[PDB]
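Colleague:
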Amino acid sequence: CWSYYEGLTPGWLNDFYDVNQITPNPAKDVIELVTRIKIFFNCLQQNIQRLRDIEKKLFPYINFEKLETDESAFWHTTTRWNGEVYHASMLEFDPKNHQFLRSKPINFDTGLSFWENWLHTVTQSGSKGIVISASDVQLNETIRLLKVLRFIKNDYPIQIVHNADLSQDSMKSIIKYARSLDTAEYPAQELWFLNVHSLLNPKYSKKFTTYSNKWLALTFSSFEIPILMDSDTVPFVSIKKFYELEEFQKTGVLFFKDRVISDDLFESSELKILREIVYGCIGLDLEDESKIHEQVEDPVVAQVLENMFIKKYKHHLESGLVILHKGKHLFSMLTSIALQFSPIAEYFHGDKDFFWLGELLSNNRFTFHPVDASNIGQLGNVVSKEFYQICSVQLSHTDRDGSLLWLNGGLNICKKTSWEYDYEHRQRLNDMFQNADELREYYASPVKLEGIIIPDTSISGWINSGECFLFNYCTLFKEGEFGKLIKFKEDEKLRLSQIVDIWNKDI
Ligand SMILES: Nc1nc2c(ncn2[C@@H]2O[C@H](COP(=O)(O)OP(=O)(O)O[C@H]3O[C@H](CO)[C@@H](O)[C@H](O)[C@@H]3O)[C@@H](O)[C@H]2O)c(=O)[nH]1
Ligand SMILES: [Mn+2]
Ligand code: NA
Numbered sequence: 004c005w006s007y008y009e010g011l012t013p014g015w016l017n018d019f020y021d022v023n024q025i026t027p028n029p030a031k032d033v034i035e036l037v038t039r040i041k042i043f044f045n046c047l048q049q054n055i056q057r058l059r060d061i062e063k064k065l066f067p068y069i070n071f072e073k074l075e076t077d078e079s080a081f082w083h084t085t086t087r088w089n090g091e092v093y094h095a096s097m098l099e100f101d102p103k104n105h106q107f108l109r110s111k112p113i114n115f116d117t118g119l120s121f122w123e124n125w126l127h128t129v130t131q132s133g134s135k136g137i138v139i140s141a142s143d144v145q146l147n148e149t150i151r152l153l154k155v156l157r158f159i160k161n162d163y164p165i166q167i168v169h170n171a172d173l174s175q176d177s178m179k180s181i182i183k184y185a186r187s188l189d190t191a192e193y194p195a196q197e198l199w200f201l202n203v204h205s206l207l208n209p210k211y212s213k214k215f216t217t218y219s220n221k222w223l224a225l226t227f228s229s230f231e232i233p234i235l236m237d238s239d240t241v242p243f244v245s246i247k248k249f250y251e252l253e254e255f256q257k258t259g260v261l262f263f264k265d266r267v268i269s270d271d272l273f274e275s276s277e278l279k280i281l282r283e284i285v286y287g288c289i290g291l292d293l294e295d296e297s298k299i300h301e302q303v304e305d306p307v308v309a310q311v312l313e314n315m316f317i318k319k320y321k322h323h324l325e326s327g328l329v330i331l332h333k334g335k336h337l338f339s340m341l342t343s344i345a346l347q348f349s350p351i352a353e354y355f356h357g358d359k360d361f362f363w364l365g366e367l368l369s370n371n372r373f374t375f376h377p378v379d380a381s382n383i384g385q386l387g388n389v390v391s392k397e398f399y400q401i402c403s404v405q406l407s408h409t410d411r412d413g414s415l416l417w418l419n420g421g422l423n424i425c426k427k428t429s430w431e432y433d434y435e436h437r438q439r440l441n442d443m444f445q446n447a448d449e450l451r452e453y454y455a456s457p458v459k460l461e462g463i464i465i466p467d468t469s470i471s472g473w474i475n476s477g478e479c480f481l482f483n484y485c486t487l488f489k490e491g492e493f494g495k496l497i498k499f500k501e502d503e504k505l506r507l508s509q510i511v512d513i514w515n516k517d518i
């Protein structure tokens, strides 16, 4: 359906939005970005140089110039823990034992599209692996994650993706903690490094910043079915348990729910623009709450849309742990990237919420894990006339049965370097300590995982304590009144205490 793209303005582009750019019609601009990508992957189901000209305007962040001229310079480079380097190569792994097999070279089929090439010629079908977006900044957090993966005896390969911003020193240190002291109880990890800098066109290569790097990590990872993790993420179950979750099995995405923040609400002008985008993309009308439940078959997804368009909430997905099957979700993911650098980029915090918005607006099947996000730490007694309170930076995620799956925020009190501000401005910290230096030591001290509270946001939700530079939140539980409590057994407390110990091990 070349006719569509010939009908567009000659200079048309899926460009990365800039605040300076004059945008009178943001809703229509977003609808165009989503539609142009939808039309593309639909007309591929139905002139090689014509296709490439559309690709260059749809995906300008790809360095198609280098692919066409000096193909070997364009392709990404993977580096194994052993020190072996692979150029323009496809990594293959054993689906059963997850161990590395071979690296067949990339034979780019000119008859197929770039993204079709990426799934068939560049990537091994069914390949599963842990993916982490890391610069030199994320070194320490990445080390601490590796230690925990080794402690729980992870067999899945790990790939650390960077944009030529991870030093040889950092990689050496990662390989050390990944491989050293190999044993059955603390096995070495099949770790890889991936530099995507060659794939990215120099104009857009620098535009992927902070959380946006996670799109580079996820998209270009050597696995078809990556499990993306924050460096500050901590899994408390074997990786296979995440893949086994029914939500991923049925949809091919594993998405977890975020904190409910009732402080930070959308303006009516913002919701009007979001309503136009949704209707413009998938013909869904979000005018009244009654007709939302009707038009959305999955009540878990309906609840998220109710929260956004009725209750005006901005935070829905936590991208600390994400599974995405690129075989079923690549076109959705590429829409997420378009939206990430769209006029509505400023509406949401980082990447997390563009995961599900990409799925929704692309009209691809998705869902969330239905369990609400939870707080984890010490069950402090609240004086009333069982009342418990947890105040932490840690955001936990439990299964239906109530087992801890994972958390984001690391396993120290506070990761932020805010002790100077926090000591002067927060009463509890100001009274409790004598200097800001004493607060620094408290912030660096390990956390103690004794229980979990799943707050009832309708009665007593998430309350910002102001501690750790307004990253610390308090959750309340009162028996038969509001919330759900989960007290860890001595067996569990011991396992968790061992995991916090290995995480906090002072480099
Ligand atoms: N390469 C690279 N990766 C980065 C960078 N900044 C962040 N990341 C990656 O993005 C992750 C998320 O950053 P956090 O600092 O852990 O954010 P958070 O407190 O967990 O915040 C929440 O919102 C983020 C933005 O939507 C989410 O990405 C995150 O998972 C979480 O839900 C990091 O762990 C790391 O893997 C960067 O400059 N470079
Ligand atoms: Mn995090
Ligand atoms: Na294909």
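Mapped onto the deposited numbering, the consecutive letters of the sequence shown carry residue numbers 4 to 49, 54 to 392, 397 to 518.
Beta carbons: idealized from backbone N, C-alpha and C, even for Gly.
1) Sort out for me which residues DSSP pairs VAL458 with in a bridge.
2) Leaving out the 5 sequence neighbours to the left and right, which residues in its chain are closer than 6 Å to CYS4 when beta-carbon positions are compared?
3) Mapping the DSSP letters down to three states, classify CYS402 as helix, strand or coil.
4) In chain order, what residues have a CB nearer than 6 Å to some heavy atom of ligand 3?
5) Could you round the C-beta distance between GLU461 and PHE499 to whole angstroms and report it? I think they count as a contact, below 8 Å.
6) Mind checking which residues open and close the beta strand (DSSP E) that includes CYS485?
7) With hydrogens ignored, establish whether the beta-carbon of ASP358 is closer than 7 Å to any heavy atom of ligand 2.
8) Closer than 6 Å by C-beta to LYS73: which residues in its own chain qualify, once you throw out the five before and the five after it? Chain order, please.
9) What does DSSP give as the partner residues of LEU272 in its beta bridges?
10) Would you call the stretch 221-240 and the stretch 323-337 touching, i.e. three or more CB-CB distances under 8 Å?
11) Assign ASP467 to one of three DSSP states: helix, strand, or coil.
12) Counting along the chain, where does the alpha helix (DSSP H) carrying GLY365 start and finish?
13) I need the straight-line Cα distance from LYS392 to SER326, nearest angstrom please.
14) With a threshold of 6 Å on Cβ separation, who are the neighbours of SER177 within its own chain once the five nearest residues in sequence on each side are excluded?
15) Can you tell me the Cα-Cα spacing of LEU198 and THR240, whole angstroms?
16) Can you list, in chain order, the residues of its chain with a C-beta nearer than 6 Å to that of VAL378? Leave out the 5 residues immediately preceding and following it.
17) Rounded C-beta distance between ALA455 and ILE284? I'm assuming under 8 Å.
18) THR76: beta carbon under 7 Å from a heavy atom of ligand 2?
19) Quick one: is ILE61 buried, meaning 16 or more other Cβ sit within 10 Å of its Cβ, or exposed?
20) With distance defined between alpha-carbon atoms, name the residue in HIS204, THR258, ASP412 and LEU58 nearest to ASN170.
21) Quick check: the Cα distance between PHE398 and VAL168, rounded to an integer number of angstroms?
22) In the DSSP assignment, what are the bridge partners of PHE230?
23) Check whether the Cβ of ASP237 lies closer than 7 Å to any heavy atom of ligand 2, and answer yes or no.
24) Using a Cβ-Cβ cutoff of less than 6 Å, which residues in the same chain neighbour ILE465 once the five nearest sequence positions on both sides are dropped?
25) Of the residues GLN166, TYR354 and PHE375, which one's Cα is nearest the Cα of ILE280?
26) Here's the rule: buried if 16 or more other CB atoms are within 10 angstroms of the residue's CB, otherwise exposed. What is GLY259?
27) Is there at least one non-hydrogen atom of ligand 2 closer than 7 Å to the beta-carbon of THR217?
28) Could you name the residues of the same chain whose beta carbon sits closer than 8 Å to that of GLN347, not counting the 5 residues immediately before and after it, in chain order?
29) Drop a sphere of 10 angstroms on the beta-carbon of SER132, count the other beta-carbons inside from all chains shown, and report buried for 16 or more, exposed for fewer.
30) Mind checking whether the beta-carbon of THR240 lies closer than 7 Å to any heavy atom of ligand 2?
31) Three-state secondary structure (DSSP) at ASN382?
32) Locate the beta strand (DSSP E) running through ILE167, then write down its first and last residues.
33) Between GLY413, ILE383 and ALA95, which lies nearest to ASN423 when the distance is taken from Cα to Cα?
34) I need the DSSP call for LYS426, collapsed to helix, strand or coil.
35) DSSP three-state label for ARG437, please.
36) Could you compute how far the alpha carbon of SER96 sits from the alpha carbon of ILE330?
Modeller: In short:
1) DSSP lists no partner for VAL458.
2) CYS46
3) strand
4) Those residues are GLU123, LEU126 and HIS127, given in chain order.
5) 6 Å
6) First-last of the beta strand (DSSP E) with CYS485: 484-489.
7) no
8) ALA80 and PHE81
9) According to DSSP, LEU272 bridges with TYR320.
10) Yes, they touch.
11) strand
12) 361-369
13) Here the C-alpha atom of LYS392 lies approximately 40 Å from the C-alpha atom of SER326.
14) If we look at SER177 and ignore the five residues flanking it on each side, its Cβ neighbours are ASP143 and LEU146.
15) 17 Å
16) Leaving aside the five residues that flank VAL378 on each side, the residues in its chain whose CB is nearer than 6 Å to its CB run, in chain order, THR409.
17) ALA455 to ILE284, Cβ: 43 Å. No contact.
18) False, no ligand heavy atom lies under 7 Å from that Cβ.
19) buried
20) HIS204
21) 44 Å
22) According to the DSSP secondary-structure assignment, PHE230 is paired through a beta bridge with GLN131.
23) At least one heavy atom of ligand 2 is found less than 7 Å from the C-beta of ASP237.
24) Exclusion of the five residues before and after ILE465 leaves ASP379, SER381 and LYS495 as the residues of its chain whose Cβ lies within less than 6 Å of its Cβ.
25) The candidate whose alpha carbon is nearest that of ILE280 is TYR354.
26) buried
27) No; taking the cut-off as 7 Å, the Cβ of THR217 has no heavy atom of ligand 2 nearer than that.
28) So the list reads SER219, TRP222, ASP358 and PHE361, once near-sequence residues are dropped.
29) exposed
30) yes
31) strand
32) 165-169
33) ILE383
34) coil
35) Under the three-state reduction of DSSP output, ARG437 falls in the coil class, being neither helix nor strand.
36) Roughly 24 Å between the two C-alpha positions.
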